[PDB]
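1. my complex, first installment, coordinates as in the assembly:
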Amino acid sequence: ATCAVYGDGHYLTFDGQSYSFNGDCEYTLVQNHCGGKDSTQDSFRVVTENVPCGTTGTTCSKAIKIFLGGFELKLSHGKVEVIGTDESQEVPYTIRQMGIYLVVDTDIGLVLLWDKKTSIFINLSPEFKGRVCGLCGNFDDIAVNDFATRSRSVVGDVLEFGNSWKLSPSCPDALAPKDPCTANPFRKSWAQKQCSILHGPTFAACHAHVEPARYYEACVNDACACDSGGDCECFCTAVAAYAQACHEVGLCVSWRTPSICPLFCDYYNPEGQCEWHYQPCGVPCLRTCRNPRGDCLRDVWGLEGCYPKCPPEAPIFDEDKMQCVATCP
């Protein structure tokens, strides 16, 4: 069960329901104690802000705010700023940067992954089953009743369901999206050529497990829609969404090439030292000041990005100075 939000209105519920929805307002992703059901647990709420990015009316996540108890966090411009600043309470968040994901972990079995541009993945602990309300749908392992609204009623309509979870009572109702490729036909050739890597031999192993037709359509639509500068991001996010979805099953796929969605993992290296590499599967467990050499805490689901390969001398990372230190004070 993973609530996946990425690109322009690509939502995948916990139970495995996929749909599309676009709008310009504030939306609650996961809400606790919906309907005032205070089951002796702290109420946690995650909200997102949508702004127009393009010319055909597509949407994308710009800022994400988290309301954990009395705290309040802000996520924008690739950085985190504390806003609520709760008093006389211990900070529950354990903000950490791994790969190309700004992982934020809680103490109630809630984990968030942020690619710092548009994508976001949510995983929830099994004991919260059947007690969660929000845009992610009720966690009940049933794909037919995930369309429950705030009124605790499942409605087959998608636009109404999406608009029912808005926060600001002044933003207008959302509308149905258009066809990005019809809007930008001249981009179709390049879009298809670039997104054809999904159907290529690279994802042959994944073809047997998951069906990439939906992700292929998502890539094509995303490439078609992205008109302003930054189409490279609009394509890399679309590919990385399917990459993470495949990695969730437990299979490692290498797809990055210096011609398509390149990475620069050598910039952080100081002069004369080379200790950063690209790991498509993602390091299962590493060594840092917080996590000792013996401890691993392999709670990840498989990520990717630049990771520091510490030398045999000082093989313990620091994560504060982006360098490897023998002894952590």
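-> Structure's in. What do you need? Residues are numbered from 1 along each chain as shown, chains lettered A, B, ... in the order given.

2. hey, let's count contacts and neighbours off CA atoms from now on
-> Fine.

3. how far away is the most centrally placed residue in chain A from residue A:185?
-> Among the residues of chain A, the one closest to the centroid is residue A:120, at 1.8 Å (C-alpha atoms, centre = their mean). Applying C-alpha to C-alpha, to the nearest Å, the value for residue A:120 to residue A:185 is 29 Å.

4. any idea how far residue A:10 is from the residue nearest to the centre of chain A?
-> 11 Å.

5. kindly report the same for residue A:64.
-> 16 Å.

6. longest helix in chain A, please.
-> Criterion DSSP state H: the longest helix present in chain A is helix A:231-249.

7. what lies in contact with the helix or strand that that helix is followed by?
-> Remark: after helix A:231-249, the chain's next helix or strand is strand A:276-278, criterion DSSP states H and E. With C-alpha atoms under 8 Å, 6 or more residues apart in numbering as the test, strand A:276-278 has contacts from A:265-266, A:268-269, A:304-309.

8. and the longest helix of chain A, how far out from the chain's middle?
-> Offset of helix A:231-249 from its chain centre (C-alpha atoms, centre = their mean, to the nearest Å): 10 Å.

9. which of the residues in it are buried?
-> By 16 or more other C-alpha atoms under 10 Å, the buried positions in helix A:231-249 come out as A:231, A:233-248.

10. and if you look at stretch A:271-282?
-> Neighbour counts over stretch A:271-282 (16+ other C-alpha under 10 Å) mark A:275-276, A:278-282 as buried.

11. could you dump that stretch to PDB, C-alpha only?
-> Provided in PDB are the C-alpha atoms of stretch A:271-282 (Å, rounded to 0.1, in the frame of the first residue of the first chain):
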ATOM      1  CA  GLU A 271      39.400  18.300  -4.900                       C
ATOM      2  CA  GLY A 272      41.500  15.100  -5.100                       C
ATOM      3  CA  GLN A 273      38.900  12.800  -3.500                       C
ATOM      4  CA  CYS A 274      36.300  10.600  -5.300                       C
ATOM      5  CA  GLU A 275      33.700   9.000  -3.000                       C
ATOM      6  CA  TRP A 276      30.300   9.600  -4.600                       C
ATOM      7  CA  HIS A 277      28.700   7.000  -6.900                       C
ATOM      8  CA  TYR A 278      25.300   6.300  -8.500                       C
ATOM      9  CA  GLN A 279      23.400   3.300  -7.100                       C
ATOM     10  CA  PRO A 280      20.200   2.500  -9.000                       C
ATOM     11  CA  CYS A 281      19.000   0.000  -6.400                       C
ATOM     12  CA  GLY A 282      19.800   2.300  -3.500                       C
END
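
12. pretty sure residue A:106 contacts residue A:94?
-> Yes: contact criterion C-alpha atoms under 8 Å: residue A:106 and residue A:94 qualify, at 6.7 Å.

13. quick check: the gap between the residue nearest to the centre of chain A and residue A:48.
-> The spacing between residue A:120 and residue A:48, counted by C-alpha to C-alpha, is 10 Å.

14. overlap in contacts of residue A:120 and residue A:10?
-> Common contacts of residue A:120 and residue A:10 (C-alpha under 8 Å, 6+ apart): residue A:4.

15. show me how chain A divides into domains.
-> A:2-163, A:180-249, A:264-329 (automatic domain parsing).

16. let's have these in a markdown table, adding distance to residue A:169.
-> Formatted as a markdown table, the domains of chain A follow (distance: least, C-alpha to C-alpha, whole Å):
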| stretch | distance to residue A:169 |
| --- | --- |
| domain A:2-163 | 9 |
| domain A:180-249 | 28 |
| domain A:264-329 | 37 |
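
17. among these, which is nearest residue A:172?
-> Residue A:172 lies closest to domain A:2-163 among the domains of chain A, at 8.1 Å (C-alpha to C-alpha).

18. please report phi then psi for the residue lying closest to residue A:276 once chain neighbours are set aside.
-> Using C-alpha to C-alpha, 6 or more residues apart in numbering and skipping residues adjacent in sequence, the residue nearest residue A:276 is residue A:308, 4.3 Å away. Taking degrees, to the nearest 10, you get phi -80, psi 130 for the backbone angles of residue A:308.

19. and then chain B:
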Amino acid sequence: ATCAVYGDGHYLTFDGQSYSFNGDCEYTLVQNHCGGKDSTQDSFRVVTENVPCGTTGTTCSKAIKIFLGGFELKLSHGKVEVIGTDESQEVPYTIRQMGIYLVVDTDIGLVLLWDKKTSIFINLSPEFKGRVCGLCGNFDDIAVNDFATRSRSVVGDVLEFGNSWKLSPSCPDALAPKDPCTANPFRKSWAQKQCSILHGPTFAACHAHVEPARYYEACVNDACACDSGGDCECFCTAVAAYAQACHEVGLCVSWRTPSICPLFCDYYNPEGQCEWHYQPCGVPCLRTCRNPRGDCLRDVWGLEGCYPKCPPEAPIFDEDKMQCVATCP
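-> Putting chain B together with the chains above:
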């Protein structure tokens, strides 16, 4: 003296004249023995092909052909293919790949640099002064008579001068370009934000020597014009043109960042070995099978790109297997 052609119709003559010209035909860059003046020297000719890349009618170099004596070379899709295949004659070209440039060198003091996408730089030996005709202008160190046409007449008109050097007698006459930013106003904000790095503190040292106003305008126009997928290339080429122009004076400037025009120099590295780094200034001289350790042959003008840093063991490169070998057979 450097004939610089890059982006969309950005030509800089040997004597230091800058202008713009666009068209869809075959054009001769540098021609020898113009007018049949056979000065007991082999005739060498370099031609280029222009195809539309966009929607507003902008041009760009797709394929470049070289006619050196009886030989004929083709440059397309980031590779070189011999076409003429001259018989009973020694091959004069010494094709070599350094940095992000596919350097092709001749035996008559002519050197070509190719970024493999659109840009091309030409340098000519001083003894050919006053005996060269072509789109690069007559090599005479005078910036007022560089507009000489095939009829050996200097005309202040630019469109007529550009159209007079066409090869195919069937292609239509070239037309005046439009304003890319007026054509694509919604791209103006992103274009200016991205090209503002020219006026930033990074090029403060270069600001004292060369005036980047022309290059700033070129970057803005290039970003505005580029509409189909691949605007990242359309911006990286524009920035790298000014970078190379600055490096020609003899000053090294570092500008690549993992957020703007990134590079992937770790892909070529095999597993367990790290020997590739990014050198903004460019290696002055290296060691390979052709060029021994003692010999350097520092005939470069300052380039940039991924270069192999051989380990102390086997510190001699090979350039054939992209690896360092102790002894070259």
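
20. back to the contacts of strand A:276-278, now that we've got chain B?
-> With contacts defined as C-alpha atoms under 8 Å, 6 or more residues apart in numbering or on different chains, strand A:276-278 is touched by A:265-266, A:268-269, A:304-309, B:266.

21. how far away from the center of its chain is it?
-> 22 Å.

22. do stretch A:269-278 as well
-> Here stretch A:269-278 is found 28 Å from its chain centre; the criterion is C-alpha atoms, centre = their mean.

23. what ranges do the helices span in chain A?
-> For chain A, the helices defined by DSSP H occupy A:159-163, A:180-183, A:188-195, A:204-207, A:213-225, A:231-249.

24. measure residue A:309 to chain B for me?
-> Here residue A:309 is placed at a distance of 10 Å from chain B (C-alpha to the nearest C-alpha, to the nearest Å).

25. ditto for residue A:165
-> With the distance defined as C-alpha to the nearest C-alpha, residue A:165 ends up 32 Å from chain B.

26. just checking, that residue touches residue A:133?
-> No: at 10.0 Å, residue A:165 does not count as touching residue A:133 under the criterion of C-alpha under 8 Å.

27. the two: which has the busier surroundings?
-> The residue with more neighbours, out of residue A:165 and residue A:133, is residue A:133; 22 against 17, by other C-alpha atoms under 10 Å in any protein chain shown.

28. show me what the more buried one is bridged to.
-> Note on residue A:133: beta-bridge partners residue A:31, judged by DSSP bridges.

29. surely it and residue A:28 touch.
-> No: contact criterion C-alpha under 8 Å: residue A:133 and residue A:28 do not qualify, at 9.3 Å.

30. roughly how far apart are residue A:98 and residue A:177?
-> Distance from residue A:98 to residue A:177, counting by C-alpha to C-alpha: 34 Å.

31. of these two, which one has the most company?
-> A direct count of neighbours by other C-alpha under 10 Å for residue A:98 and residue A:177 places residue A:98 higher, at 18 against 15.

32. so for residue A:80, which of the helices of chain A sits nearest?
-> helix A:231-249 (20.6 Å).

33. is chain B contacted by the closest one?
-> Yes: part of helix A:231-249 sits near chain B under the criterion C-alpha under 8 Å from any C-alpha of the partner chain, namely A:231-232.

34. which strands and helices sit next to that helix?
-> The contact analysis (3 or more C-alpha pairs under 8 Å, 6 or more residues apart in numbering or on different chains; DSSP states H and E) places helix A:231-249 against strand A:2-6, helix A:213-225.

35. and the direction of it versus that of strand A:2-6, what angle?
-> Orientation of helix A:231-249 against strand A:2-6 (axes from the mean of the first three to the mean of the last three C-alpha atoms, to 10 degrees) gives an angle of 170 degrees.

36. turn the helices of chain A into a markdown table, including distance to residue B:219.
-> A markdown table is the format used below for the helices of chain A (distance: least, C-alpha to C-alpha, whole Å):
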| stretch | distance to residue B:219 |
| --- | --- |
| helix A:159-163 | 42 |
| helix A:180-183 | 27 |
| helix A:188-195 | 23 |
| helix A:204-207 | 41 |
| helix A:213-225 | 24 |
| helix A:231-249 | 18 |
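
37. right, so of these, which gets closest to residue A:78?
-> Taking C-alpha to C-alpha as the criterion, residue A:78 comes closest to helix A:231-249 out of these, the separation being 14.2 Å.

38. picking that back up, now the buried members of the contacts of strand A:276-278.
-> For the contacts of strand A:276-278, a burial check counting by 16 or more other C-alpha atoms under 10 Å in any protein chain shown picks out A:265-266, A:268, A:304-309, B:266.

39. let's have those residues in JSON lines, adding distance to residue B:217.
-> Listed next are those as JSON lines, based on distance: C-alpha to C-alpha, whole Å:
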{"residue": "A:265", "distance to residue B:217": "32"}
{"residue": "A:266", "distance to residue B:217": "31"}
{"residue": "A:268", "distance to residue B:217": "32"}
{"residue": "A:304", "distance to residue B:217": "38"}
{"residue": "A:305", "distance to residue B:217": "36"}
{"residue": "A:306", "distance to residue B:217": "35"}
{"residue": "A:307", "distance to residue B:217": "39"}
{"residue": "A:308", "distance to residue B:217": "40"}
{"residue": "A:309", "distance to residue B:217": "43"}
{"residue": "B:266", "distance to residue B:217": "34"}
